[PDB]
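**Student:** pasting the structure only:
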């Protein structure tokens, strides 16, 4: 994948070159997006918009830290969508990793989450977020077990996932039209990198085969259900809803 790689670490150790080789990235000086390595983290910038700043995955502080304390925790809509109730903490596969926000919420509540990311630049960004997260003295320890990353497509490598999780979470990039959704920098930048997931409808089928209990799909308001498959089960939140589907029961069952 092409991206404008930029080095701002001033270490001349070749780290940036290794990272690119590691994730199969190819330097593109004229690319509209830049992947920047700083002395602290790896971030994404929308070159034609400097004033938007760069974005990076941060599980320790910032918005995520606050969301962990005031977001609702097991009280969040997504948590209730995946079925977190009582002392039930289902293994979850976040098939559309993204920036890791929802995946982290579920892990923080106690769920063992595995995130699947097919976009190499996003995997590099998530990977960098995990490294800093694992080094944390507070969450570092449990984060390593409850939040892992797998780089591949969820339309082919999802059915190969084992042991099978009880829940599969889906939140593909929707073709946002409202400029209201394109106000915050986080989205104006991330969307300029990955863009709408043209093949999003193909995620439901394989997601329901992996999950042994439930599949949750985050969808903005008025947005049609994924793959146009209707469902009477859904949690309506503020600005969006979470459609709920059944999975595929165990077979061998040890």
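**Tutor:** Sure thing, it's come through. Numbers count the residues shown, from 1 in each chain.
**Student:** In contact with residue 74, which residues?
**Tutor:** By C-beta atoms under 8 Å, 6 or more residues apart in numbering, the contact set of residue 74 is 80, 84, 109, 110. No exception for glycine: its C-beta is placed from N, CA and C like everyone else's.
**Student:** what would these look like in TSV with neighbour count?
**Tutor:** Below are those laid out as TSV (neighbours: other C-beta atoms under 10 Å):
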residue	neighbour count
80	16
84	22
109	20
110	16
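**Student:** Now, the residues you listed that are in helices?
**Tutor:** 80, 109 (DSSP state H).
**Student:** now the helices for the stretch 1-150 of the chain?
**Tutor:** 15-23, 62-70, 77-81, 101-109, 120-135, 140-146 (DSSP state H, counting those that start in this stretch).
**Student:** so how many other residues sit close to residue 98?
**Tutor:** Around residue 98 there are 21 other residues, counting by other C-beta atoms under 10 Å.
**Student:** Might one say that it is in contact with residue 169?
**Tutor:** No: if you go by C-beta atoms under 8 Å, residue 98 and residue 169 don't touch, sitting 10.3 Å apart.
**Student:** Residue 193: which element?
**Tutor:** For residue 193, the host element (DSSP states H and E) is helix 185-194.
**Student:** List the buried residues in that helix.
**Tutor:** Residues 189, 190, 191, 192, 193, 194 are the ones in helix 185-194 that count as buried (16 or more other C-beta atoms under 10 Å).
**Student:** One more: stretch 217-227?
**Tutor:** Buried, per 16+ other C-beta under 10 Å, within stretch 217-227: 217, 218, 219, 225, 226, 227.
**Student:** Can you tell me which of those residues is closest to residue 161?
**Tutor:** Nearest to residue 161 among the buried residues of stretch 217-227 is residue 217, at 17.5 Å by C-beta to C-beta.
**Student:** Which secondary structure state is assigned to that closest one?
**Tutor:** strand (DSSP: H, G, I helix; E, B strand; the rest coil).
**Student:** how about it, what does it touch?
**Tutor:** 170, 171, 204, 225, 226, 242, 243, 244, 245 are the contacts of residue 217 under C-beta under 8 Å, 6+ apart.
**Student:** got it, and residue 2?
**Tutor:** If you count contacts by C-beta under 8 Å, 6+ apart, residue 2 has them with 25, 26, 27, 28, 31.
**Student:** Not counting its neighbours along the chain, what's nearest it?
**Tutor:** residue 28 (3.8 Å; C-beta to C-beta, 6 or more residues apart in numbering).
**Student:** Give me the distance between the one you found and residue 14.
**Tutor:** 19 Å (C-beta to C-beta, to the nearest Å).
**Student:** Compare these two and say which one has the larger neighbour count.
**Tutor:** Set residue 28 next to residue 14 and count neighbours by other C-beta under 10 Å: residue 28 wins out with 14 against 10.
**Student:** Okay, that one and residue 138: tell me how far apart.
**Tutor:** With C-beta to C-beta as the criterion, residue 28 and residue 138 are 38 Å apart.
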